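Hydrogens, waters and symmetry mates play no part in the numbers below; they use all other heavy atoms, side chains included. Below, chains carry the letters A, B, ... as their sequence lines are ordered, and counting in each starts from 1.
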Amino acid sequence: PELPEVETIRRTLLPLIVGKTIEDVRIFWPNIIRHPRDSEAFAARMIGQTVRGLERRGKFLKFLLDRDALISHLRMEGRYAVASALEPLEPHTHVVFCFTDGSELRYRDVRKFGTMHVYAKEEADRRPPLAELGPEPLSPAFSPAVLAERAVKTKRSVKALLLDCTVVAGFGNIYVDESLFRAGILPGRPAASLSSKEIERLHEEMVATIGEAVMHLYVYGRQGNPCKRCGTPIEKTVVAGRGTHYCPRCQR
DNA sequence: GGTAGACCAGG
DNA sequence: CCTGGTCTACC
Ligand SMILES: [Zn+2]
């Protein structure tokens, strides 16, 4: 899921688990657990803790318990559901948190690509994978000024910059391409080649792209199709070693 | 320190 | 062999 879908998950999942006390944690694919390294330590420390909150940082979900925070990344196919302990698990269920009321928070992931880290709450923000994560795109912490400062420093293309998670949280290939199209900027442009005007415009489009979604594509996956704003065929190349979609007319 | 890109597994 | 987000590991 993209950031906005993750936010939707955070919102709808919270009431379904808040106030629930963990009685057991069952792990069927240990590699998902990245911290503590030993999945057994992971399971044992969570038992007895009550879910108190659920926050989002970038595309990470941060489950708040009594003492610990669980940092969860769904990656490609990860999904959470709350269901009865009495019913059969759905296919590809790799982690289950069992609550004392007989319900369960289940993590499914056909790809097995998702990750989980647990730390004492007060440590979560200064350890991987949250450490160094850039500002929320919809926060005043993410500003044209912040953006401009990073652009000037680097020899990187603008796309490479926006894909950098220390720059801003939750911007993947899709939103980068879309934001760059909406800002009229070619992805292969050097980040340092962007004018202050282009920086402002880009920041604005980024925020709008994320903001609107947290509530139709122009270029992503539309190569060979007419651009929706000028009709020029959308093209696809490789920038920052990535599948990059752009309009050769709208973007400069 | 700044950077590209290596890798979680399976469709 | 391919996707990708991002933490790692290259110099
Ligand atoms: Zn166009």
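- Annotation for A:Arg79: atom CZ does not count as buried by contact number, only 12 or fewer foreign heavy atoms lying within 6.0 Å.
- Between A:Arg111 atom CZ and B:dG10 atom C1' there is a gap of 6 Å when expressed in whole angstrom units.
- The residues A:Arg108 and A:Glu77 are annotated as not salt-bridged, no charged nitrogen and carboxylate oxygen being separated by less than 4.0 angstrom.
- A:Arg75 and A:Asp109 are not joined by a salt bridge, as no carboxylate oxygen comes within less than 4.0 angstrom of a charged side-chain nitrogen.
- Searching all strands for a Watson-Crick or G-U wobble partner of B:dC8 with both distances below 3.5 Å returns C:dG4.
- Comparing B:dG11, C:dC7, B:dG2 by their closest approach to the side chain of A:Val110 singles out B:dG11.
- Using a 4.0 Å cut-off between charged nitrogen and carboxylate oxygen, A:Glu205 and A:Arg201 count as a salt-bridge pair.
- One atom, CD of A:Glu2, and another, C1' of C:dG4, lie 10 Å apart when rounded to the nearest Å.
- One finds a side-chain N or O of A:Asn31 lying less than 4.0 angstrom from the OP1 or OP2 phosphate oxygen of B:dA9.
- Rounded to an integer number of Å, the gap from CD1 of A:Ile71 to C1' of C:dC7 is 15 Å.
- B:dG2 and C:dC10 make up a base pair, with Watson-Crick or G-U wobble contacts both under 3.5 Å.
- What you find for A:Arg106 and A:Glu87 is that their closest heavy atoms are NH2-O, 3.6 Å.
- Taking atom CD1 on A:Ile32 and atom P on B:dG10, their separation rounds to 10 Å, with Å as the unit.
- Of the candidates B:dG10, B:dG2, C:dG4, the closest approach to any side-chain atom of A:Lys112 belongs to B:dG10.
- A:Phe171 comes within 4.0 angstrom of nothing in the nucleic acid, heavy atoms only.
- Side-chain N/O atoms of A:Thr154 include one lying less than 4.0 angstrom from OP1 or OP2 on B:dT3.
- What separates NE2 of A:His73 from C1' of B:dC8 is a distance of 12 Å, to the nearest Å.
- Groove contact for A:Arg156: major groove, with a side-chain heavy atom under 5.0 Å from a base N7, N6, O6, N4 or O4 atom.
- Proximity of A:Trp29 to the phosphate of B:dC8: no side-chain N or O atom is located under 4.0 Å from OP1 or OP2.
- Relative to the side chain of A:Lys153, the nucleotides C:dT6, B:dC8, B:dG2 differ in distance, and B:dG2 lies closest.
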